[PDB]
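Shown here is one chain on its own, the form deposited without the partner chain, set out as structure tokens.
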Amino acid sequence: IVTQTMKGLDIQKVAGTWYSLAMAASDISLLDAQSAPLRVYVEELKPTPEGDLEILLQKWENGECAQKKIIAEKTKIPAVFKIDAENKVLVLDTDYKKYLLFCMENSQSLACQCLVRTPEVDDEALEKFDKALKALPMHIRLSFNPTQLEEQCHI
């Protein structure tokens, strides 16, 4: 369903600190509550030397903001990785220095994010995210202010 990907992705250069500035999803129920399944906040991305991608994130479950770690295994397409359960991650676009657009999907369920390096509202990167999105059937879209970004689980 998502037919936008980044050409030439250097997976090593996305390592380190990120902020989930915005999130959208095909179904309201995937992002609606604090503990919605795809309301996940990205802390940091760790690409192994052999080209896999470890993701550190945060996730409200049972009243608490928990850390989580997950490995997204590489594929033959450099902009596409696999998490196990089945789930595909796709990198749509990034300039490495400021923003990164990604989506995750199954086999028409879908959630995408605007990751940014610093705790600021980047209008430019939200435009691009909004453009990449109009091509997709989203029904819920959220965004966070600089205060919430510095908080665990964006409270």
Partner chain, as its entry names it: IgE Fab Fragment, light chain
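Numbering follows the first chain given and starts at 1.
We do not show the form deposited with the partner chain bound, though everything after this point is about it.
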May I ask you to state whether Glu64 is within 4.5 Å of the partner chain in the bound PDB entry, using heavy atom distances? yes
Might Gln4 be said to contact the partner chain in the bound PDB entry, defining contact as any heavy atom within 4.5 Å? no
The partner chain contact at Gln58 in the bound PDB entry, heavy atom, 4.5 Å: yes
In the bound PDB entry, does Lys128 have a heavy atom within 4.5 Å of the partner chain? no
Can you tell me which bits of 31-47 touch the partner chain in the bound PDB entry, meaning any heavy atom within 4.5 Å? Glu44, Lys46
